[PDB]
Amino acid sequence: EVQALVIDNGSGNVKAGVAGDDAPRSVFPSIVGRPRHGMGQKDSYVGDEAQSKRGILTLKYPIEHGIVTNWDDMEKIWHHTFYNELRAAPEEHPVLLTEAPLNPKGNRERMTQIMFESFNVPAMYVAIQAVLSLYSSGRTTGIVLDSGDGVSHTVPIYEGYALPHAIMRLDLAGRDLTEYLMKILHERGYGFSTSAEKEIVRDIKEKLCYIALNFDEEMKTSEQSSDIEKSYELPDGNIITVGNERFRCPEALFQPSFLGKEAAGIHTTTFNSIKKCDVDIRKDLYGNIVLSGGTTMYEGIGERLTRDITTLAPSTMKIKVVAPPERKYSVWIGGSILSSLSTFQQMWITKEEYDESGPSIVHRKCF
């Protein structure tokens, strides 16, 4: 009868819903706005209601690169998630949360203290996001490439558990690609700058952009014809056009130099991540490269990786890049499934346990 709540926190978007559901019922931006300096102020706004009041608000992202940086704001996000979005009392439901890889032990405890002390939950569990994605793909062993709005991660997983020594971080993600698109569109005179104009450009990116199988060759053939050119209707009613920017933009994932970064591309970062793993399992990693996150939704991305990795890997090594259509919510879906299992009923951290052991209990109960 009584199902549990599942929340996948993100640098840009929150995914919340109920276990047993095949998808999250609520998806809103991880933004918190407060007055910069009369009546129902109110005091603090969240999500879409905050973006609809930019004029009198100093907006902030509680999570930065997959990591919480403001707990006062993080607590506000969760409040809105429970009472305004889900319409469910936290004290009446278990709560499955997600966390980035290499999440400091301090944040795990803090996130636990809040759930029990502030929202008075009966139960709680925390899971690594990428591990949930692999589970949703129906795998116990594989390497996940999670790329969202604020951070990208490659994390090898073997028999259910991840390998921290081989996990690689990358401060290149969708928001950087958004900012990059705004920059190159000045080659057409289009002057997008405002935080409002940043959201419309974000849509152009998600609608028109695609991964070129061969960048140098794609650039040549695209310059000749006009089929590359696509139109996009601005919300005012004006119509602009976009051409090679469609694959120049998401190319920063493979060539961070376009953004002014000495970092390595995702194909190379995925390669190095696997190389750090024991030899006896590399085959299973190469043959189960799973994608998750919205930034991995670009058309023709698997075709690029599948061929770019083969260039680096042994000639004999079979390579399969998996691109599930639902991979925008693959993390959440993994949570929904896991927290629905008959066996998980005794893996929860209970209230009794917290009162007896405190926030430090999360380290021993969650992996």
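In this text, residue numbers run from 1 along the sequence as written.
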| property | result |
| --- | --- |
| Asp43 preceded by how many uncoordinated deposited residues after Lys42 | none |
| Residue range whose averaged C-alpha B-factor is higher in the record, 52-60 or 338-346 | 52-60 |
| Residue stretch of maximal mean CA temperature factor, 213-221 vs 264-272 | 213-221 |
| Selection by C-alpha B-factor (highest) of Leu172, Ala127, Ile114, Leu285 | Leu172 |
| Residue of maximum C-alpha B factor among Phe192, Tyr161, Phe119, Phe82, per deposited coordinates | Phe192 |
| Relative C-alpha B-factor of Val322, binned into the chain's lowest, middle or highest third | lowest |
| Third assignment of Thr140 from its chain's C-alpha B-factors | lowest |
| Among modelled residues of the same chain, the CA temperature factor third for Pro104 | middle |
| B-factor third for the C-alpha atom of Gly293 within its chain | lowest |
| Ranked against its chain, the third holding the CA B-factor of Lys76 | middle |
